[PDB]
Peer 1: 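Take a look at the following structure, please.
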Amino acid sequence: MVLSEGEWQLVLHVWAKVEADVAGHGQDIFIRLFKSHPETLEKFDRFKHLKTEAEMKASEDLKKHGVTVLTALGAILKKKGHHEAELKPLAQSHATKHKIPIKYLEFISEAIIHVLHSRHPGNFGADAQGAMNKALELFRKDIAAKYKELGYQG
Ligand code: HEM
């Protein structure tokens, strides 16, 4: 796939709003993911034990991880599709150390879209949501191809 420049514009325009508060957005997103698809919490040895959304909100480690994740995603989105180098180390650790199935990347992509919709309704109308969805599908597709070359397709 290939996004057009106007689509990339819609995606970086709302991403600039997220970047005003990266830790808050990282928190909302992981909490939405864990509540919606609790099985994903099992992949985190560091977080597994968290029992409630209150514990999640209070976890500093989880907040730090949210910032690490969104910063890496933001760097990939700003590449506008030329993200080969960025995706290499990411694909290697998620396929051979963490073992994150594409399915879970679909689940956080839904959590991202839900939180942007909630927080940024004015900058995240239908067209902007379509462009973000397209950018995340491109991301998933390129990572799934890398997983395959690495021997994990999963
Ligand atoms: C937008 C998608 C994602 C991006 C951009 C991303 C980014 C990162 C980065 C940059 C790290 C630290 C470096 C490394 O380990 O490679 C990390 C670690 C990790 N990610 Fe991902 N990730 C994403 C989605 C996921 C998902 C959906 C899951 C799980 C259900 C997950 C599970 C983990 C785990 C277990 C670690 C290690 C955490 C540790 O204990 O510190 N990641 N991720």
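The figures that follow rest on heavy atoms only: side chains count, while hydrogens, waters and symmetry mates do not. Sequence positions, counted from 1, serve as the residue numbers for this chain.
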Peer 1: Taking atom NZ of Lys88 as the centre, report whether more than 12 heavy atoms of other residues, nucleotides or ligands fall under 6.0 Å from it.
Peer 2: no

Peer 1: Under 3.5 Å, is there a donor-acceptor pair between the side chain of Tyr147 and the main chain of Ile100?
Peer 2: yes

Peer 1: Is there a side-chain contact between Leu73 and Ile112, using heavy atoms and a 4.5 Å cut-off?
Peer 2: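 Side-chain contact under 4.5 Å: yes.
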
Peer 1: Is the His13 to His120 ring centre distance short of 6.0 Å?
Peer 2: no

Peer 1: How would you list, by chain and number, every residue that makes a ring-ring contact (aromatic ring centres under 6.0 Å, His included) with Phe124, sequence neighbours excluded?
Peer 2: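 With sequence neighbours excluded, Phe124 shows a ring-ring contact (aromatic ring centres under 6.0 Å, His included) to no residue whatsoever.
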
Peer 1: With sequence neighbours excluded, tell me which residues meet ring-ring contact (aromatic ring centres under 6.0 Å, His included) with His94.
Peer 2: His98

Peer 1: Roughly how far apart are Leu41 CG and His49 NE2, rounded to 0.5 Å?
Peer 2: 9.0 Å

Peer 1: Of all residues at least two apart in sequence or in a different chain, which pass the side-chain hydrogen bond (donor to acceptor under 3.5 Å, both in side chains) check with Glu19?
Peer 2: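 side-chain hydrogen bond (donor to acceptor under 3.5 Å, both in side chains) check on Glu19 returns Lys78.
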
Peer 1: Working to the nearest 0.5 Å, report the span between CD of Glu53 and CD of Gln27.
Peer 2: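 If I round to the nearest 0.5 Å, the distance is 9.5 Å.
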
Peer 1: Around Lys141, counting heavy atoms of other residues, nucleotides and ligands shown, do more than 12 lie under 6.0 Å from its NZ?
Peer 2: yes

Peer 1: Do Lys99 and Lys43 make a side-chain contact, defined as non-hydrogen atoms from C-beta onward lying under 4.5 Å apart?
Peer 2: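 Yes, close enough: below the 4.5 Å cut-off.
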
Peer 1: Could you tell me the separation between the OG1 atom of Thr68 and the NZ atom of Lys63, rounded to the nearest 0.5 Å?
Peer 2: 10.5 Å

Peer 1: Would a distance-only check, ignoring hydrogens and angles, find a side-chain to backbone donor-acceptor pair under 3.5 Å from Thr40 to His37?
Peer 2: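 Looks like yes, one N/O pair under 3.5 Å.
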
Peer 1: Can you tell whether the side chains of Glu42 and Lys48 come within less than 4.0 Å, N to carboxylate O?
Peer 2: no

Peer 1: Are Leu70 and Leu62 co-members of a hydrophobic cluster defined by side-chain heavy atoms under 4.5 Å apart?
Peer 2: yes

Peer 1: Does any part of the side chain of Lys57, heavy atoms only, come nearer than 4.5 Å to the side chain of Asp28, both counted from C-beta?
Peer 2: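 No, too far: nothing below the 4.5 Å cut-off.
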
Peer 1: Work out which heavy atom in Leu77 is nearest to a heavy atom in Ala135; give both atom names and the distance.
Peer 2: CD2-CB, 3.9 Å

Peer 1: Count the heavy atoms belonging to other residues, nucleotides or ligands that lie under 6.0 Å from CG of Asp127, then report whether that count exceeds 12.
Peer 2: no

Peer 1: Looking at every non-hydrogen atom in both residues, tell me the closest pair between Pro89 and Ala85 and how far apart they are.
Peer 2: CD-O, 3.1 Å

Peer 1: Test side-chain contact (heavy atoms from CB on, under 4.5 Å) on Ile102 and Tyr152; report intermediate values, then the result.
Peer 2: CA-CA 10 Å; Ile102 290 302; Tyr152 171 61; over 6 Å; no

Peer 1: Give a yes or no on whether a salt bridge exists between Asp21 and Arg119, defined as a side-chain N under 4.0 angstrom from a carboxylate O.
Peer 2: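 Judged by the 4.0 Å cut-off on N to carboxylate O distance, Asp21 and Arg119 do form a salt bridge.
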
Peer 1: Output all residues satisfying ring-ring contact (aromatic ring centres under 6.0 Å, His included) with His117, sequence neighbours left out; order by chain, then residue number.
Peer 2: none

Peer 1: We want to know whether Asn133 and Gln129 form a side-chain donor-acceptor pair, criterion being a heavy-atom distance below 3.5 angstrom.
Peer 2: no

Peer 1: Please confirm whether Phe47 and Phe30 have ring centers closer than 6.0 angstrom.
Peer 2: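 No, ring centres 6.0 Å or more apart.
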
Peer 1: Shared ILVMFWY cluster between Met1 and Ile76, side chains joined below 4.5 angstrom?
Peer 2: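 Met1 clusters together with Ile76.
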
Peer 1: Using every non-hydrogen atom in the two residues, find where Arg140 and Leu105 come nearest and quote the distance to one decimal.
Peer 2: NE-O, 4.0 Å

Peer 1: Output yes when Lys134 and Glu137 qualify as a salt bridge under the 4.0 Å nitrogen-oxygen rule, no when they do not.
Peer 2: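 No.
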
Peer 1: Checking the side chain of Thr96 only, and the main-chain atoms of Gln92 only, is there a donor and an acceptor separated by less than 3.5 Å?
Peer 2: no

Peer 1: So if you build clusters from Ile, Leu, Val, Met, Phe, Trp, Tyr with side-chain heavy-atom gaps below 4.5 Å, do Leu10 and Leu138 land together?
Peer 2: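 Looking at the clustering, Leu138 is in a separate group from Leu10.
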
Peer 1: Taking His114's backbone N and O only, do any of them form a donor-acceptor pair with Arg32's side chain (distance below 3.5 Å, no angle check)?
Peer 2: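 No.
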
Peer 1: Do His65 and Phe44 come within less than 4.5 Å of each other through their side chains, counting heavy atoms only?
Peer 2: yes

Peer 1: Holding to side-chain hydrogen bond (donor to acceptor under 3.5 Å, both in side chains), I want the full list of residues that pass it with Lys80, two or more places apart in sequence or in another chain.
Peer 2: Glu5

Peer 1: Side chain of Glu7, backbone of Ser4: donor and acceptor closer than 3.5 Å?
Peer 2: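 Confirmed, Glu7 side chain pairs with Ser4 backbone.
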
Peer 1: With sequence neighbours left out, what residues match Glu84 under salt bridge (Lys or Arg N to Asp or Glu O under 4.0 Å)?
Peer 2: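 With neighbours one apart ignored, the set is empty.
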
Peer 1: Looking only at non-hydrogen atoms, find the nearest pair between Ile29 and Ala111 and report the distance.
Peer 2: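 The pair with the smallest heavy-atom distance is O-CB, 3.6 Å.
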
Peer 1: Which is it for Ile31 and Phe34 under the side-chain contact (heavy atoms from CB on, under 4.5 Å) test, yes or no, and what are the steps along the way?
Peer 2: CA-CA 5 Å; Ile31 283 155; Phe34 296 154; 5.6 Å; no

Peer 1: Looking only at heavy atoms, which two atoms of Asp142 and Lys146 are closest? And how far apart?
Peer 2: O-CE, 2.6 Å

Peer 1: Minimum heavy-atom separation for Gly154 to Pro101, with atom names?
Peer 2: O-CB, 3.2 Å

Peer 1: Distance check, rounded to the nearest 0.5 Å: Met132 atom CE versus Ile113 atom CD1?
Peer 2: 7.5 Å

Peer 1: Under 4.5 Å between side-chain heavy atoms, counting indirect links through other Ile/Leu/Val/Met/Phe/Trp/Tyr residues: same cluster for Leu90 and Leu150 or not?
Peer 2: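 No; tracing contacts between hydrophobic side chains, which count when under 4.5 Å, never links both residues.
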
